[PDB]
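Letters A, B, ... mirror the listed sequences (proteins, then strands); counts begin at 1.
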Amino acid sequence: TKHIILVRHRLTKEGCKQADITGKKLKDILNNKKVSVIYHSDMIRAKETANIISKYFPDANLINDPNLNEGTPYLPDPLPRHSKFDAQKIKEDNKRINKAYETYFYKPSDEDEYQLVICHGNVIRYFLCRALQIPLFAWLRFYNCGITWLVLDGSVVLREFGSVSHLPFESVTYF
Amino acid sequence: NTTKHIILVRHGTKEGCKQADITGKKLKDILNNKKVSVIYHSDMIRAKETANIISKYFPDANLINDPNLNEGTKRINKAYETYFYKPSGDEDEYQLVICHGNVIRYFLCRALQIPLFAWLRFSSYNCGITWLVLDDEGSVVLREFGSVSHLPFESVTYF
Amino acid sequence: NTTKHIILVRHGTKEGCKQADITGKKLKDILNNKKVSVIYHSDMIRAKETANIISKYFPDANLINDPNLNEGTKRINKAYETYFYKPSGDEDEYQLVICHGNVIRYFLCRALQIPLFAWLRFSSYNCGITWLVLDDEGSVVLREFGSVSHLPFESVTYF
Amino acid sequence: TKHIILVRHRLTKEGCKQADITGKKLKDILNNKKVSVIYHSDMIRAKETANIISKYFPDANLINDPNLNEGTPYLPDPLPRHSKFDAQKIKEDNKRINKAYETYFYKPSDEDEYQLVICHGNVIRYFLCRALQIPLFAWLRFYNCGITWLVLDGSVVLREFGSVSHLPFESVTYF
């Protein structure tokens with residue numbers, strides 16, 4: 001076993017409702033199991049979502065991980081002055097997200113203990129594309145879930161919670 | 001026209017062995033008839049192991065060890081340069097290159113000319129098979145087969 | 001606990017026949033060992049045809065014609081009511097219901113209690129197999145198998 | 001054979017760039033083949049996108065099809081006064097989109113003649129979920145393409161054009 005829980009989200013504007021319903025759902029699905037840490041990025045909305053989720057696990061410690069930072073979007077750019085600059089921040093962006101991936105996906109697991117990793121969508125995307133070996137086909141062409149809960153091990157059980165057209169759903173998926 | 005198929009195979013244990021073997025089988029279901037002329041691999045133990053397990057389904061393939069494939073992360077340019085040259089003549093070719101994810105992702109970006117502003121997105125790429133096709137006119141495409149993709153076999157959904 | 005599996009099979013020609021037959025095979029790969037007690041179907045010609053082709057892989061299944069399944073689009077409530085009652089006892093059951101898309105989509109929304117504000121989204125549903133599971137406590141889930149899903153087998157991509 | 005081309009988009013705000021690059025791409029991929037009609041909804045942005053795309057096919061007729069209308073989002077609502085009202089507009093929404101689906105997917109095909117169907121995302125979604133029998137799994141959980149070009153027949157070849165992280169791509173997919 002190794003279980004991982006990813007939770008999706010310049011302030012939150014009525015994302016609070018999301019955050020709060022998510023928090024409620026987490027408390028429901030983790031009832032009778034200890035949540036020791038809630039991780040998050042430096043971003044205000046990340047912190048915000050963590051805060052709102054705290055309420056449902058008052059005994060849990062909020063820990064800031066700058067490695068969870070979404071970082072900077074890069075654009076097509078004709079100036080080689082920018083390309084050297086960019087190539088070099090990209091290097092660091094890579095070491096950081098890779099470091100987080102290993103922290104939250106490899107770092108040895110404590111079975112009744114859970115931690116919640118709060119994630120920007122670009123971070124959740126990197127994690128899951130990488131962990132689940134998602135084919136390029138799928139992420140060339142396209143996430144409606146706010147909670148993604150994995151259990152390994154290449155054996156995987158994936159519990160997803162989301163809503164489509166305002167209708168909540170829960171799904172268990174076997175690889 | 002004439003095409004070279006450079007099928008990059010990631011090696012990233014008893015279950016490790018089982019999976020190399022299923023990959024081997026899966027490539028054979030697809031390649032069917034066709035001849036793989038050669039199975040290249042790095043000097044790493046796991047690459048050789050994987051190469052050896054897979055070579056069962058391609059007994060007539062030559063097995064070549066290239067220490068340039070050894071992973072980091074710019075002697076890798078030597079390796080890329082070696083494999084990703086346009087084919088010539090009128091016979092299609094299929095080869096296997098067994099190596100590490102970092103090298104696979106580099107070959108993938110270079111061969112497809114993925115620009116800097118898209119690298120970060122591509123860095124989450126972690127597929128077992130990366131089937132690149134090179135034609136006589138120097139053009140590269142990526143082909144993807146359902147049967148070798150890592151997909152869930154079953155879902156249960158509650159509303 | 002004990003469960004009933006109501007596998008809705010859409011019938012929506014020589015190639016038509018080929019596909020009923022492949023569906024038949026596919027359900028058999030999955031159901032394997034298990035017994036389908038009964039293959040229900042509508043009075044429509046295509047439903048019967050489909051039922052007949054598929055029944056080859058389930059020779060011991062009883063074949064039942066229910067004219068209530070006949071499509072429109074509220075005697076369909078009779079039909080739903082008939083099939084979607086909680087099972088009792090301690091033996092699992094598997095049945096096939098061969099019918100039209102409109103009836104499938106209605107059964108899907110009703111069984112899963114899909115609210116009005118989500119109907120429009122569900123109206124594009126057009127899957128060959130709709131495998132619904134009912135348990136002794138009155139609860140319904142949808143299960144989905146990769147092997148019966150309509151997926152592309154190959155892609156080629158250019159950048 | 002039967003070929004269908006779907007083109008994705010309260011005015012366009014710099015969607016004009018999209019629309020215009022799309023138009024360029026269409027002219028490139030349809031070079032030496034006649035585009036007789038460009039269809040669109042009543043929506044201003046639909047009309048707008050159609051207009052911008054016109055430029056690349058000056059000989060083509062813009063035709064308005066109210067059946068291509070995106071229509072109204074429905075929300076969870078406790079008032080049964082609204083539910084009777086809603087249930088009844090939903091009925092009509094359904095007949096309309098179904099009518100468009102048959103128009104553009106069944107209506108007999110004229111092999112060198114092409115028409116372009118410009119679509120709201122909810123319309124493209126309905127069409128493709130239905131035409132390709134997409135499993136509920138995929139549209140529970142999730143479109144990056146602006147041109148989707150099908151050829152049948154259940155045989156299908158799907159040509160998609162899009163961009164991911166600002167990088168254009170083209171893909172051919174076989175069922």
Side-chain angles (χ1 to χ4, degrees), chain A residues 164-167, chain C residues 73 101-102 105 109 114-126, chain D residues 3-9 11-12 14-16 18-20 22-23 26 35-54 57 60-77 82-83 85-88 90-94 96-107 114-132 134 139 142-150 162:
Chain A
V164 62
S165 160
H166 303 279
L167 180 66
Chain C
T73 307
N102 301 347
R105 277 180 290 278
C109 294
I114 303 296
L116 174 138
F117 64 81
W119 289 350
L120 227 33
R121 183 75 179 255
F122 272 80
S123 72
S124 53
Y125 187 91
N126 185 224
Chain D
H3 54 45
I4 303 143
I5 298 181
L6 305 189
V7 186
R8 166 152 66 89
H9 300 345
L11 288 57
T12 285
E14 173 270 346
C16 302
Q18 318 288 234
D20 203 279
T22 311
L26 290 155
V35 174
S36 57
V37 190
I38 297 173
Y39 296 99
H40 63 84
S41 76
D42 290 345
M43 277 58 242
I44 307 215
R45 30 161 181 169
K47 277 153 181 166
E48 224 157 324
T49 296
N51 265 100
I52 294 167
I53 284 166
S54 305
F57 310 85
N61 308 111
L62 280 38
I63 282 63
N64 185 312
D65 184 353
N67 286 336
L68 288 174
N69 285 6
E70 69 204 39
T72 47
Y74 301 90
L75 293 170
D77 194 318
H82 286 170
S83 81
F85 188 65
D86 289 347
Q88 183 58 52
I90 280 160
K91 209 196 294 175
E92 309 169 0
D93 278 0
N94 227 258
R96 282 181 233 279
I97 196 64
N98 186 80
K99 182 51 172 75
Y101 178 71
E102 297 185 348
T103 297
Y104 302 107
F105 287 76
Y106 295 169
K107 203 141 108 178
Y114 287 89
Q115 300 81 50
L116 299 176
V117 187
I118 302 187
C119 288
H120 190 288
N122 293 344
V123 161
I124 295 199
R125 189 164 65 230
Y126 176 100
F127 289 168
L128 291 179
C129 284
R130 180 168 176 182
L132 305 175
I134 294 176
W139 52 267
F142 318 97
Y143 203 31
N144 271 315
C145 298
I147 307 165
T148 304
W149 176 349
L150 301 73

>> Closer than 3.5 angstrom, by distance alone: can the side chain of D:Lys107 be matched with the main-chain N or O of D:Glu102 as a donor-acceptor pair?
In response: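 Such a contact is absent between D:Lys107 side chain and D:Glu102 backbone.
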
Closest approach of [X] to [Y] (non-hydrogen atoms, all atoms of both residues):
| X | Y | result |
| --- | --- | --- |
| D:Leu68 | D:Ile118 | CD1-O, 3.7 Å |
| D:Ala60 | D:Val35 | CB-O, 3.1 Å |
| D:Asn69 | D:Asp42 | OD1-N, 3.0 Å |
| D:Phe105 | D:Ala131 | CE2-CB, 3.7 Å |
| D:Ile5 | D:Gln115 | CB-O, 4.0 Å |
| A:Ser165 | C:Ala118 | OG-CA, 3.6 Å |

Could you tell me whether the side chain of [Y] reaches within less than 4.5 Å of the side chain of [X], counting heavy atoms only?
| X | Y | result |
| --- | --- | --- |
| D:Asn98 | D:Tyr126 | yes |
| D:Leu6 | D:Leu128 | yes |
| C:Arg121 | A:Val164 | yes |
| D:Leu11 | D:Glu48 | yes |
| D:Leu132 | D:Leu150 | yes |
| D:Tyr39 | D:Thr103 | no |
| D:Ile4 | D:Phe127 | no |
| D:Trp149 | D:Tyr114 | yes |

>> Test of understanding: with side chain to side chain donor-acceptor pair (under 3.5 Å), list the residues that count as partners of C:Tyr125, not counting sequence neighbours.
In response: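 With neighbours one apart ignored, the set is C:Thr130.
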
Approximate separation, where rounding is to 0.5 Å, of [X] [atom1] and [Y] [atom2]:
| X | Y | atom1 | atom2 | result |
| --- | --- | --- | --- | --- |
| C:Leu120 | D:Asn122 | CG | CG | 8.5 Å |
| D:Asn51 | D:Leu62 | CG | CG | 6.0 Å |
| D:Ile124 | C:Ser124 | CD1 | OG | 13.0 Å |
| D:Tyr104 | D:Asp65 | OH | CG | 3.5 Å |
| D:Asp93 | D:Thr72 | CG | OG1 | 5.0 Å |
| D:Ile38 | D:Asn64 | CD1 | CG | 13.5 Å |

> Who are the ring pair (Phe, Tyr, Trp, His ring centres under 6.0 Å) partners of D:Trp139, not counting sequence neighbours?
Replying inline: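 For D:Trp139, the residues satisfying ring pair (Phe, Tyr, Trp, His ring centres under 6.0 Å) (neighbours in sequence not counted) are C:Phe122.
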
> For the residue pair D:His120 and D:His9, does the interplanar ring angle fall in the parallel (under 30°), tilted (30 to 60°) or perpendicular (over 60°) class?
Replying inline: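 Because their plane-to-plane angle is over 60°, the rings of D:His120 and D:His9 count as perpendicular.
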
>> Under the rule for side-chain contact (heavy atoms from CB on, under 4.5 Å), what residues qualify as partners of C:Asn126, not counting sequence neighbours?
In response: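 Scan of C:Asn126 (side-chain contact (heavy atoms from CB on, under 4.5 Å), adjacent residues dropped) gives C:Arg10, C:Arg105, D:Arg130, D:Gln133.
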
> Does D:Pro76 have any side-chain contact (heavy atoms from CB on, under 4.5 Å) partners at least two apart in sequence or in another chain, and if so, which?
Replying inline: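 Partners of D:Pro76 under the side-chain contact (heavy atoms from CB on, under 4.5 Å) test: A:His166, C:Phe117.
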
